[PDB]
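Side chains included, hydrogens not; waters and symmetry mates left out as well; all remaining heavy atoms used. The chain is numbered in sequence order, starting from 1.
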Amino acid sequence: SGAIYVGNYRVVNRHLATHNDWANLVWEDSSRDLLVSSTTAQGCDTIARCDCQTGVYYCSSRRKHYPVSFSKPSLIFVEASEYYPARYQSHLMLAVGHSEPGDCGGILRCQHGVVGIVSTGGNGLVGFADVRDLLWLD
Ligand SMILES: CCCSc1cccc(OC)c1NC(=O)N1CCC[C@H](C(N)=O)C1
Ligand SMILES: [Zn+2]
């Protein structure tokens, strides 16, 4: 679990959005596993506007932050799960690092701010949904 709170927006993994997120929907994209909902209070986060490929992410299954080198946002095949059919997920960045089901929503940050959130993983990999191209969040 986890979310980004910026301005009057809450960014979450689309597959973990709540009834409240859908009732206050701003934008969603199943191909990116992202959903943004509106909030009444001002958020705590700021968004990176950069091309960093190194950063640090929070891994809830280890209660720890890990440094990572991650690929540029791209279209990557993601196998079927209880949440989605087998498909290509766009704007996804992969890295070698631990992750397991439950780690989605953990934030990835570089020196400039929030880069994205954990969205996929497996066998020593962790995938992050990029949010740096969503300029309207600011
Ligand atoms: C219960 C799923 C076990 S596979 C796994 C194994 C290790 C880490 C994992 O995520 C952090 C995952 N989970 C996973 O990749 N997805 C399941 C939820 C929806 C994700 C998506 N964006 O399509 C894909
Ligand atoms: Zn950066």
Side-chain angles (χ1 to χ4, degrees):
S1 66
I4 299 161
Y5 293 91
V6 53
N8 296 295
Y9 296 125
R10 167 172 138 105
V11 186
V12 291
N13 291 95
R14 193 190 183 272
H15 74 277
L16 302 178
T18 67
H19 301 304
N20 187 65
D21 284 320
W22 279 103
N24 293 284
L25 179 68
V26 169
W27 169 83
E28 53 75 33
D29 188 336
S30 171
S31 79
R32 296 181 61 155
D33 184 42
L34 288 180
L35 184 148
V36 178
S37 62
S38 57
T39 70
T40 52
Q42 210 75 29
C44 57
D45 296 305
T46 69
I47 311 298
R49 300 297 180 197
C50 68
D51 64 351
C52 283
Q53 281 183 250
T54 67
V56 175
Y57 76 107
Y58 181 66
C59 174
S60 63
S61 66
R62 291 288 179 272
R63 213 177 269 130
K64 245 194 185 72
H65 298 255
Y66 289 110
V68 284
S69 291
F70 52 93
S71 60
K72 291 184 150 142
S74 67
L75 196 54
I76 295 172
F77 177 78
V78 180
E79 231 286 86
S81 67
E82 66 194 291
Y83 303 99
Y84 294 107
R87 77 205 212 285
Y88 289 82
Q89 172 164 324
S90 59
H91 299 268
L92 184 58
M93 299 177 294
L94 298 192
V96 171
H98 177 72
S99 73
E100 58 185 88
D103 284 327
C104 291
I107 285 173
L108 173 62
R109 282 180 163 267
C110 62
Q111 68 188 102
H112 308 106
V114 172
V115 173
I117 50 169
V118 178
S119 177
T120 72
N123 295 322
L125 294 164
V126 57
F128 309 97
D130 186 44
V131 299
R132 296 176 286 185
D133 65 314
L134 305 174
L135 311 188
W136 53 269
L137 288 177
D138 289 329

Under 3.5 Å donor-acceptor, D103 side chain and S60 backbone = yes
At their closest point, which heavy atom of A3 faces which heavy atom of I107, and how far apart are they?
-> O-CD1, 3.7 Å
Is a donor on one side and an acceptor on the other found under 3.5 Å between the side chain of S37 and the backbone of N24?
-> no
Does a donor on one side chain and an acceptor on the other come within less than 3.5 Å for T18 and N20?
-> no
Hey, is the main chain of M93 close enough, under 3.5 Å, to the side chain of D130 for a donor-acceptor pair?
-> no
Using only heavy-atom distances, determine whether the side chains of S71 and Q53 contain a donor-acceptor pair under 3.5 Å.
-> no
Side chain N13, main chain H15, donor-acceptor under 3.5 Å | no
Could you grab the distance from atom OG of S61 to atom NE2 of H98, nearest 0.5 Å is fine?
-> 3.0 Å
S90 and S31: side chain donor to acceptor below 3.5 Å | yes
When rounded to the nearest 0.5 Å, the distance separating SG of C50 from CD of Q111 is 8.0 Å
Roughly how far apart are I47 CD1 and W136 CH2, rounded to 0.5 Å?
-> 10.0 Å
Ion pair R10/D21, N-O distance below 4.0 Å = yes
Side-chain donor/acceptor of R62 to backbone N/O of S99, under 3.5 Å = no
Between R132 and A48, the two heavy atoms sitting closest are CG-O, 3.2 Å
Taking atom CZ of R109 and atom CD1 of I4, what is their separation to the nearest 0.5 Å?
-> 9.0 Å
Residues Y84, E79; criterion side chain to side chain contact (heavy atoms under 4.5 Å, CB included); working and verdict | CA-CA 8 Å; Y84 294 107; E79 231 286 86; over 6 Å; no
What distance separates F70 CZ from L125 CG, expressed to the nearest 0.5 Å?
-> 15.0 Å
Enter the distance from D138:CG to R49:CZ here, rounded to the nearest 0.5 Å.
-> 4.0 Å
Donor-acceptor contact present, side-chain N8 to main-chain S38, <3.5 Å | no
